[PDB]
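Have a look at the structure below before the remarks.
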Amino acid sequence: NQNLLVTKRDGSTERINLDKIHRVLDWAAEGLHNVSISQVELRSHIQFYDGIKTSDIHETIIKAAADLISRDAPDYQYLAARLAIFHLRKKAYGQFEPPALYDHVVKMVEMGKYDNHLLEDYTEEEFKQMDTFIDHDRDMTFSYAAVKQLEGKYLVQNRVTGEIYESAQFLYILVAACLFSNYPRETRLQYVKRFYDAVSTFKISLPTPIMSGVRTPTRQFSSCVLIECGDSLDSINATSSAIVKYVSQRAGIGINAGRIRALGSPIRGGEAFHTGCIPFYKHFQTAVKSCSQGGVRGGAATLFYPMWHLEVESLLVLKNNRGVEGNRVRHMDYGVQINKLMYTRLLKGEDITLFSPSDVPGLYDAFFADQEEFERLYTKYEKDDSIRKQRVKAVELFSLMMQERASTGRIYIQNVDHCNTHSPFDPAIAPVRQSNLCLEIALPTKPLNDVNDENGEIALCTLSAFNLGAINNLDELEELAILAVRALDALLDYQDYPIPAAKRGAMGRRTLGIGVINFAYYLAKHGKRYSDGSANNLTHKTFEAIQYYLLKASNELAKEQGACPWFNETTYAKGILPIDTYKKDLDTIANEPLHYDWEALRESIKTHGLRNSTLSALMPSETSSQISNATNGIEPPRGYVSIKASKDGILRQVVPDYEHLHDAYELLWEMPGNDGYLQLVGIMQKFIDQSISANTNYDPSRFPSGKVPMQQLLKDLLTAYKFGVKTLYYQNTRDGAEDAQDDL
Amino acid sequence: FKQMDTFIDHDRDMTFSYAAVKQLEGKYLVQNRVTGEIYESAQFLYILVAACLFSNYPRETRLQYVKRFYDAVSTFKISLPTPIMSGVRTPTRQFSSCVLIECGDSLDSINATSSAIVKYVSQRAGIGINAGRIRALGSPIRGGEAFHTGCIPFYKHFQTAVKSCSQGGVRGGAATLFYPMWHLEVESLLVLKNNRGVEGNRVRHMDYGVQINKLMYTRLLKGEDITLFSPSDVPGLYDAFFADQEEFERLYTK
Amino acid sequence: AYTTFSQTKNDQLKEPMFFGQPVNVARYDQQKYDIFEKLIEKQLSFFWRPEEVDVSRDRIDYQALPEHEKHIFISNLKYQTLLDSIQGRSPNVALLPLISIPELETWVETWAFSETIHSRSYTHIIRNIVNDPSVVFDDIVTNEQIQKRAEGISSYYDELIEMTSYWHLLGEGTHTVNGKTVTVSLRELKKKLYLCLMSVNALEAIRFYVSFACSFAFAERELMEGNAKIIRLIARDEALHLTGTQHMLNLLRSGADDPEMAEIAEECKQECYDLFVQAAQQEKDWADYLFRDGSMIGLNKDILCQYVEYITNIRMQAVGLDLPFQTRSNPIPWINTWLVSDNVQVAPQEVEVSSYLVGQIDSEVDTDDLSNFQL
Amino acid sequence: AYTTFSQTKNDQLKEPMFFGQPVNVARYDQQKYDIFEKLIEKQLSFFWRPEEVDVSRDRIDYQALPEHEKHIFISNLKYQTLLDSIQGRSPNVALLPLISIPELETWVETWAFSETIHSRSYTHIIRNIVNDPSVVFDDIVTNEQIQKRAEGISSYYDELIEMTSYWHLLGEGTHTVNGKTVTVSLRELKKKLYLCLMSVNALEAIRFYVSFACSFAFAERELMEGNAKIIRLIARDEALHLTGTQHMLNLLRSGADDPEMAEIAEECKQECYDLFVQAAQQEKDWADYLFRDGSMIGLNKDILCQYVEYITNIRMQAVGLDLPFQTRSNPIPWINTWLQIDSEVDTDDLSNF
Ligand SMILES: Nc1ncnc2c1ncn2[C@@H]1O[C@H](COP(=O)(O)OP(=O)(O)OP(=O)(O)O)[C@@H](O)[C@H]1O
Ligand SMILES: Nc1ncnc2c1ncn2[C@@H]1O[C@H](COP(=O)(O)OP(=O)(O)OP(=O)(O)O)[C@@H](O)[C@H]1O
Ligand SMILES: Nc1ncnc2c1ncn2[C@H]1C[C@H](O)[C@@H](COP(=O)(O)OP(=O)(O)OP(=O)(O)O)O1
Ligand SMILES: Nc1ncnc2c1ncn2[C@H]1C[C@H](O)[C@@H](COP(=O)(O)OP(=O)(O)OP(=O)(O)O)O1
Ligand SMILES: *N[C@@]1(O)C[C@H](n2ccc(N)nc2=O)O[C@@H]1COP(=O)(O)OP(=O)(O)O
Ligand SMILES: [Mg+2]
Ligand SMILES: [Mg+2]
């Protein structure tokens, strides 16, 4: 007691009463095992002083519960979650029981928190029926990290006053009702109910823009934006304007800036001389960092350039912490584009020639379109003595690139030849010249000469994911995919486009990216691991099912609602399927036959088409997987109790089903090396329309000298190329920093 | 042209000074920028500037105007900037200088201002930006939908726009940014140029102009307190700060 | 007399760590103790700079803090700045003219350079979060509590330097300086050296970690995460520094370098102890000074004092000393997420990654093995 | 008495470079001389490790060299190893207890650390090009042709350290130790510090560049390419250190930092010049010793001596000394491809307007 006095929420002052705190803790402790209320009370009561706010008491007990999440008592992950739920409800309605759905919607629309159309497209009776669909008890199924992400990132809230307005079930039901708003009134509510049941039960995972903006009056939910910059001042200005406009609206940016001419290149025949790409890269970085991503998180972007660029040695070191402000741009990521020719030059120990893209006519276009023309042009231009060029050793360039990728962990690779031969799009008509921020999206783009120019094309991709840890059979992917596709397709007709070029791209291609989450949990549940190669056939079958059902859903949607407007520009229009253009080396590591009738699907696609140009893309799901308490994407978890750090919290996440599956998990730093993971990634890429956010992980204590060998890095890069891996994401390193402070 | 030839007096070439002749060779007379050889004399430059300026004139009085302007310029009575002397009579039409650009409290306005800055620095033109209307850090966006991160990130964007065409990152880009003294972020904006701060909170390659009026001066004289507001939170105060002083005083007091 | 280069060809695998022949040739192909070689390699791989962490949100989060929390953060930063300014210069003056093996000499110089980087990072954080850092840096040498929490290290350093100069200038024995009797004993010099090393261990292993916990508590509340990343990078090197000092002390206690040092340390099972108890009490006083205007969620006076006792016990067990506090558990287990980076998965597109090594690649490439590779 | 932490809150913007109050807190937001801050930033922006350079072909190239070229290479490596083994520790011991501004202290610490990195790189090269690195490291000390330079270089450091210790122990004046009179003078210690700084400038300005030329001449022959890659970074850091010590000497000579050091510099106009010409002669004799039983394709005694004279002329002009050799262009141009307001306000403004 200590005669302590608390400050109530209404401003009044009351006496301390530990029984109320114990009652709240017992409410949060229902149905949990190996959880002691006494420990939470012990760690919370010591922090109570005179005049402590009750809100701070709630935060204290939540933090004390969250600090107890461990392998011995994982159930605390729920107790720290329900408590955090208890606080959100009180912060949203002043009580535990949420109001009726219709009254909440009307009140939110009055103050402008929700889009007005919700009150126009739905009547009161339909709102009551959707309220009948709602089950708020599902809020007790969240994990602590899930609730923290909901509170800090997704729930509609005032970013200035910190006031929250809604719970998670209202979020889910309103996303479902807002995506299917335009559907026929006969089947609209059945689709709303099915989508709500899919998302609330963690069968389909939605990305941050959708989870945080679909009910909101700001209508932009494309997670990935791809902008191509041309070698022009107008193009640079348009790219900067598009970056500023789209980062502010919940979107990451992938800028292809490999067309900008090198330093010293003549301008207008010699009137001016180029000052280099570094100042324009700084302009892009400041454009990205000027705004936030819809008031949710800081903006991020990735720059792409070919390896044979004349300034590649300067661009490679742009990220490391060993420069000055005049030669470093450390707050943007970079992607190096490489084809077969550079790898062959590395293998044969010959030299790589770097040209300015402006000085080699046709080389840049042939870099991505077709490689015979690129080889011919490259060989021709290497022997031309009138073209400005610089020769470097291929081993030296690759060593510099791998050194920077190891030291910064954020120098990504894109195999441009693989991104075009094994692509849904036709390289001659619509080549792929870049990727997104996280190197999983591969869509055609066209440079813009003005922010309102109609000849340009900005690629937009809206994402979703299948929870592989929630499907008991692959056939369950039949229905879910439909929902997913339908929802995403409806989103395309619901969104607003600040840049007309982005609207052109989105309406012409209608590209969607549907990935997977909980893949490590799926493998552990099936008793397989990444390293030994036992998962090759299972991965083959799973991703064959995923791609087949996504294609079937898009084909049905096209035959019901019309085909994609630019479907003729895709290889699907000519009967070419992903099971046709995959790399043949994949046959040496996977023997699993196809189980679904792809010939009937091919004939159906030829007859009617696909509503969407692309359907599959493996995103990292860094934030969206935390909502369902899932392993992010296809990445093994770092620990049984891992730590997810962000501006919205440091959170302890337990792997799903830790009690009965801890022995079946394979943690990232328990992997012999990268061969098995890269083989799995290649098997996935056989079926996925777009790339995969594939990580390479190295622990230097696994090598005799204590240092990762450059030979191993180059061998892993070549192995990834050999199996058809389009792109490489983060390189993670085990620094070995350990100052453990456990009990004595 | 023969009339201009008999109007020309080449003896005036002997009125220049050594620094004058060096500057004339460096930036005034047309020349090859590779071989480094010049093609014209000063008198030809002056007479051709006069002829090109008065080209679209009635032919009754065009020749006398050209003669009078040539006499005025060659005698060093009327001086005109270096871009005029380097561009007029030449095929170019970019007679740069300084440009005044106002930036509104909108993302579209910020993008337009940055694009204009990029388009004008590439012509080696000085920039005067009025970014004082950007709302202060912490101001609500769309009624609390987003948290404003302040003017400093946009000032950094403007600075990179100014230095986009600068050799070595930061070399010939010049800009001056203006904001009112009563801005809520004025304390954090006044120190934008000293080295006591980190790169994240410093914009050192752009000059700044503080805008003051009578009320600030009289509050300084009386030793009172100056109140700082976000320009977006005070309806009409920013407009009255320039237009009507009595209205500004009334709004400030209210 | 001390000499930078000694013209006697000694064998450096048989020389003591201290008080031997001064090092002449810096070799790294062979070490008497490989632990210092590993420490140097890890410190070099741990290279970083404060400029690599975006700290824009740190200003906004700091200006929104109540006065009491700002006082706590700025006081911890000021103390850390002053102490690492001391630690930058002190090993090079106190220890360098005494070290007789190249590995220890290189480790001391690398450790001093790391402390200069740490002081620069503390100054960087202060410059970022404060609109006028002159008012903060000037209240460092005159702060009463900061002085009370800092003299018990510079004093030992000064005593060590004083009699090291006496030993190098006069030699062992009794001498007359200005008519006063000055006795230079190598036993006393060894005793002062052990005491100074035990003081540096206490500093880097307890006081800096208390300050680290104070700085990390703010990040635990979703506030000032970039400063937290900087402090975590600092603590990564602090672990290496404390490990190096611990090994330096343990090699002087087992007698593996000098049989006399073992008995000299045995004559210090109360002094060394008393010093650690005094450091713990000084930290208790610092904790009382921090939470005077108020406390913070997750960290107050009682919690920080409990952590002081726990970490004192933990770091005294590691140098062969008795435990002066009740053997308990860690009162703030979340600190373990800031010092162990094995299971930490940060969102790289939102926050910086602190698990990068610089130049940890073997760099050997054999084109013959790569030539036999089918793409 | 030297104190690591001086309790007096002095104003570090007006303190002298040396012999003032010992530094207590490090300041990065303000510097009396910004040049040292720029040098620290450049050194941190040039951080490199020897393990980032592939030196696999260096062993094969060294094994195929003739005996006399192998001798030249190994002698150059030994000289560089000894020089940087000295320069690792020497600035941290001789200069640290004398500096009274934080920026100079931080620069000295960073410079010593970079020299340790250089020593590690030399060890890396020696271990990667020679079967056993002992026959080189234990030969460094006993080599007659290197120990004379070792003594001549370490003597200035040792005398400076000894005088600094007497100054910190006894203070200025005449004292009696063991029946002998010791005169501790601040003028004498200032002279010793100036002479030591000039010796350091000569070491990092002249002695290292000759060895750089020998190492780079192999590179121009497409031999020992990894060694050349390492030596390039070492030369960059050397240039940085030379700029730092040149600025130190110039600011001590100008008299704008200490009105007494100007006289000491004026009276060193003969001793400093003698030290520099002695260093130049020592490098010429080292070049003589290098090419005795043969010579190299692109380097010999003559052209290397011309390079020594050129480099010492250029580096002696920079510190205000009379040129000791005839003016001559660089004989080896290829090496150029390898290298104050009072804040007070009254109430009289009320009656202004
Ligand atoms: N008198 C009290 N003594 C101790 N703890 C209390 C007391 N009242 C509330 N609490 C605790 O404060 C936390 C937060 O309570 P809550 O969010 O309901 O705010 P409040 O001050 O109780 O205002 P109200 O309930 O009227 O809206 C609860 O966990 C609750 O147990
Ligand atoms: N039935 C419930 N189940 C779970 N949590 C609840 C329930 N009722 C309230 N809570 C949560 O417990 C906290 C406090 O609840 P409540 O306001 O009813 O009691 P109190 O504030 O602690 O004491 P008082 O009745 O004096 O206000 C709030 O965060 C609230 O959302
Ligand atoms: N003044 C400048 N300084 C440095 N770079 C410039 C300058 N002007 C333009 N650039 C850059 C912008 C583009 O990336 C690139 C091409 O110039 P651009 O914008 O296309 O004008 P332009 O069309 O008149 O010249 P060009 O015909 O050679 O393309 O050079
Ligand atoms: N996402 C963002 N992050 C940070 N600042 C932003 C963001 N979006 C806009 N801003 C800045 C730019 C302007 O200075 C200011 C207002 O922006 P504005 O583009 O006009 O949006 P808006 O009209 O939709 O909302 P409001 O009516 O509040 O301005 O806020
Ligand atoms: N299109 C993208 O690849 C980039 C973008 N993005 C992700 C994370 C952060 N911090 N900023 C961004 O702009 O979203 C997708 C990447 O997909 P996910 O990361 O898996 O989505 P989510 O976890 O944020 O929900
Ligand atoms: Mg053009
Ligand atoms: Mg607006």
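Each chain of the structure tokens is named A, B, ... in the order shown, its residues numbered from 1; ligands are numbered from 1 in display order.
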
Could you tell me, counting only C-alpha atoms and all ligand atoms, which protein and nucleic acid residues lie no more than 10 Å from ligand 7, written as a short mmCIF file (atom, residue, chain, number, x, y, z; two decimals) with C-alpha atoms, in the first residue's frame?
data_model
loop_
_atom_site.label_atom_id
_atom_site.label_comp_id
_atom_site.auth_asym_id
_atom_site.auth_seq_id
_atom_site.Cartn_x
_atom_site.Cartn_y
_atom_site.Cartn_z
CA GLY B 104 3.43 26.74 -50.46
CA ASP B 105 2.41 24.46 -47.61
CA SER B 106 1.69 21.55 -49.95
CA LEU B 107 3.54 18.51 -51.24
CA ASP B 108 2.67 19.52 -54.81
CA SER B 109 4.07 22.99 -54.10
CA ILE B 141 -1.46 16.54 -41.36
CA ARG B 142 -4.93 15.71 -42.71
#

Q: For residue C:253, list every protein, DNA or RNA residue within 12 Å, evaluated using only C-alpha atoms, and leave out those in the same chain fewer than 2 positions away; present the list as an NGL selection string.
A: :C and (190-191 or 194 or 197-198 or 246-251 or 255-269 or 319-321)

Q) Neighbours of residue D:264 within 8 Å (only C-alpha atoms; same-chain residues fewer than 2 positions away dropped), as a PyMOL selection string? A) chain D and resi 187+190-191+194+260-262+266-268

With N, CA, C and O atoms retained, export the selected residues as a short mmCIF file (atom, residue, chain, number, x, y, z; two decimals), in the first residue's frame.
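Result file is result-v1.cif:
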data_model
loop_
_atom_site.label_atom_id
_atom_site.label_comp_id
_atom_site.auth_asym_id
_atom_site.auth_seq_id
_atom_site.Cartn_x
_atom_site.Cartn_y
_atom_site.Cartn_z
N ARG D 187 61.76 26.08 -21.70
CA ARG D 187 62.36 26.38 -22.99
C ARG D 187 63.07 25.16 -23.57
O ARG D 187 62.95 24.87 -24.76
N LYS D 190 60.47 22.70 -24.73
CA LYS D 190 59.88 23.17 -25.98
C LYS D 190 60.81 22.90 -27.15
O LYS D 190 60.36 22.48 -28.23
N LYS D 191 62.11 23.12 -26.96
CA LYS D 191 63.07 22.81 -28.01
C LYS D 191 63.07 21.32 -28.32
O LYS D 191 63.12 20.91 -29.49
N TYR D 194 59.92 20.49 -30.32
CA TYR D 194 60.03 20.95 -31.70
C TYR D 194 60.96 20.05 -32.51
O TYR D 194 60.65 19.70 -33.65
N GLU D 260 56.32 32.13 -27.44
CA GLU D 260 57.67 31.71 -27.08
C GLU D 260 58.24 30.67 -28.03
O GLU D 260 59.46 30.63 -28.22
N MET D 261 57.39 29.83 -28.63
CA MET D 261 57.86 28.81 -29.56
C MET D 261 58.41 29.40 -30.85
O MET D 261 59.16 28.73 -31.55
N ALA D 262 58.03 30.64 -31.18
CA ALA D 262 58.58 31.28 -32.37
C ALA D 262 60.09 31.45 -32.24
O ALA D 262 60.84 31.18 -33.19
N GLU D 266 63.02 29.73 -34.46
CA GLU D 266 64.07 30.54 -35.09
C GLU D 266 65.45 30.01 -34.75
O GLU D 266 66.34 29.98 -35.61
N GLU D 267 65.66 29.59 -33.51
CA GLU D 267 66.95 29.04 -33.09
C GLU D 267 67.15 27.59 -33.54
O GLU D 267 68.27 27.08 -33.41
N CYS D 268 66.11 26.92 -34.05
CA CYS D 268 66.30 25.61 -34.68
C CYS D 268 66.59 25.71 -36.17
O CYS D 268 66.71 24.68 -36.83
#

(Q) Show me, as a VMD selection string, every residue of chain A with an atom at most 7 Å from chain D, counting only C-alpha atoms. (A) chain A and resid 322 to 324

(Q) Taking only C-alpha atoms and all ligand atoms into account, which residues have an atom no farther than 8 Å from ligand 3? I'd like them as number ranges by chain. (A) A: 230-236, 260-261, 266-269, 272-277; B: 121-124, 164-167
